[PDB]
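Engineer: This one is start25.pdb, PDB, C-alpha atoms.
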ATOM      1  CA  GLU K   1      -3.468  -5.517  22.537  1.00  0.00           C
ATOM      2  CA  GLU K   2      -1.203  -8.303  21.337  1.00  0.00           C
ATOM      3  CA  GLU K   3       2.412  -9.127  21.983  1.00  0.00           C
ATOM      4  CA  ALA K   4       3.001 -11.219  18.962  1.00  0.00           C
ATOM      5  CA  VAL K   5       2.416  -8.188  16.835  1.00  0.00           C
ATOM      6  CA  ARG K   6       4.908  -6.436  19.035  1.00  0.00           C
ATOM      7  CA  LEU K   7       7.301  -8.868  17.448  1.00  0.00           C
ATOM      8  CA  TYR K   8       5.703  -7.906  14.229  1.00  0.00           C
ATOM      9  CA  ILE K   9       6.655  -4.382  14.942  1.00  0.00           C
ATOM     10  CA  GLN K  10      10.092  -5.561  15.716  1.00  0.00           C
ATOM     11  CA  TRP K  11       9.966  -7.517  12.494  1.00  0.00           C
ATOM     12  CA  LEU K  12       8.673  -4.494  10.558  1.00  0.00           C
ATOM     13  CA  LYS K  13      11.200  -2.224  12.247  1.00  0.00           C
ATOM     14  CA  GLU K  14      13.838  -4.594  10.913  1.00  0.00           C
ATOM     15  CA  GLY K  15      12.180  -4.147   7.533  1.00  0.00           C
ATOM     16  CA  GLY K  16       9.393  -6.737   7.596  1.00  0.00           C
ATOM     17  CA  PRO K  17       9.268  -9.457   4.930  1.00  0.00           C
ATOM     18  CA  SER K  18      11.866  -7.522   2.964  1.00  0.00           C
ATOM     19  CA  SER K  19      14.383  -8.186   5.734  1.00  0.00           C
ATOM     20  CA  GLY K  20      14.502 -11.786   4.723  1.00  0.00           C
ATOM     21  CA  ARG K  21      12.158 -13.019   7.393  1.00  0.00           C
ATOM     22  CA  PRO K  22       8.424 -13.706   7.103  1.00  0.00           C
ATOM     23  CA  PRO K  23       6.120 -11.811   9.518  1.00  0.00           C
ATOM     24  CA  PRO K  24       6.260 -13.180  13.089  1.00  0.00           C
ATOM     25  CA  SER K  25       2.816 -14.258  14.055  1.00  0.00           C
TER      26      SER K  25
END
Could you write out this structure as structure tokens?
Structural biologist:
Amino acid sequence: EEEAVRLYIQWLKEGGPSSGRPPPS
């Protein structure tokens, strides 16, 4: 039940590490 992974979702929803950004947490 984490929030940081909620960012990770956000991150992944943006494409994840293929977006040009490394995963959040």
Engineer: Hey, can you check how far CA of residue 2 in chain K sits from CA of residue 14 in chain K?
Structural biologist: 18.7 Å
Engineer: Quick one: residues within 8 Å of residue 25 in chain K, all atoms listed in the file counted, chain neighbours fewer than 3 positions away excluded, as a list in words?
Structural biologist: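 Counting only the stated atoms, we get residues 4, 5, 7 and 8 of chain K.
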Engineer: So which residues touch residue 22 in chain K within 10 Å, counting only C-alpha atoms, skipping near sequence neighbours fewer than 4 positions away, as a PDB file with C-alpha atoms, in the coordinates of the input?
Structural biologist:
ATOM      1  CA  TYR K   8       5.703  -7.906  14.229  1.00  0.00           C
ATOM      2  CA  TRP K  11       9.966  -7.517  12.494  1.00  0.00           C
ATOM      3  CA  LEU K  12       8.673  -4.494  10.558  1.00  0.00           C
ATOM      4  CA  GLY K  16       9.393  -6.737   7.596  1.00  0.00           C
ATOM      5  CA  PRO K  17       9.268  -9.457   4.930  1.00  0.00           C
ATOM      6  CA  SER K  18      11.866  -7.522   2.964  1.00  0.00           C
TER       7      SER K  18
END
Engineer: Would you give the centre and edge lengths, in Å to one decimal, of a box along x, y and z around the listed atoms of range 3-19 of chain K, with 6 Å added to each side, as AutoDock Vina command-line options?
Structural biologist:
--center_x 8.4 --center_y -6.7 --center_z 12.5 --size_x 24.0 --size_y 21.0 --size_z 31.0
